[PDB]
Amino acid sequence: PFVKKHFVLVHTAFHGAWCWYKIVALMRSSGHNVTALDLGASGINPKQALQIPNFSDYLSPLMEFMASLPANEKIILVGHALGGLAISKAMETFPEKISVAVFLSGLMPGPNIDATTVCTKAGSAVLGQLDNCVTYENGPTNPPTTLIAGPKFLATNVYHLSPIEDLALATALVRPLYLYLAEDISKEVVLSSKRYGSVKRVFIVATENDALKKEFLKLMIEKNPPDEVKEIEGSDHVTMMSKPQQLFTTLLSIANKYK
């Protein structure tokens, strides 16, 4: 008996709703509702990175979407990598509107491994990697302002197991990420046991992820245990690109289990 669900997808750094296109097609084709959002200055969001130095504005598209969700409608919230921070805040604020939260290789901070610990670790795996670079729109006296993903970094660390056209698509769409201050993130993403902790949570491991190392991911899983950990073999960092059908099937299974 077909039970219509509402999947809400949240991209990682530099990306946008566009990266989910294969997943969105499978969802809409099977009759489910799906909303792929562009966070601040991501995808075709009108804001420019330099215009939104506050993490609050990076996350606003999701928070605003969450706030206007209809009465009693519950969603399957999916966050990829950095998107993990966004859905975490959504979990703390609107825990009742989320049937189950899914972290796809996502930054998954919790009361005992906070957002800043997690962001500091994440930053080390992206800043300075291959051809990635930063800008100083506020002068040499201030912290770098934005991070720009390089094509070689994308091909090697992110899309190494995906169709080459997807790499081409990414290089024509990735945008800069404002380097939000740890202090700002810490005040925005604060999680509690009775709110964030009350939302069903599943973590999906990308077996061949060369962007976010195993040790970091298992540190988060260890210190902020999810209700379940699932795995997708042969997937690079962007599972929605390299292993779309498997991610789709897994998502449907997760939605049915926790509905």
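Throughout, we count residues from 1 along the sequence that is shown.
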*Comparing 135 to 143 with 174 to 182, where is the mean C-alpha B-factor higher?*
135 to 143
*Could you settle it for me: does 4 to 12 or 250 to 258 have the higher average Cα B factor in the PDB entry?*
250 to 258
*Taking the values straight from the PDB record, which of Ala211, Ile52, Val199, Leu37 has the highest C-alpha temperature factor?*
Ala211
*For the listed residues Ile44, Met66, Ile221, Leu59, which one has the largest C-alpha B-factor as given in the deposited model?*
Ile221
_How does the C-alpha B factor of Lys187 compare with the rest of the chain: lowest, middle or highest third?_
highest
*asked:* When the deposited Cα B-factors of this chain's modelled residues are ordered and cut into thirds, is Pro111 in the lowest, the middle or the highest one?
replied: highest
*According to the PDB entry, is the CA B factor of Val126 in the bottom, middle or top third of its chain, that is, lowest, middle or highest?*
highest
*Mind checking which third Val118 falls in for C-alpha B-factor across the chain?*
highest
*What third of the chain, by the recorded C-alpha B-factor, contains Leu217?*
highest
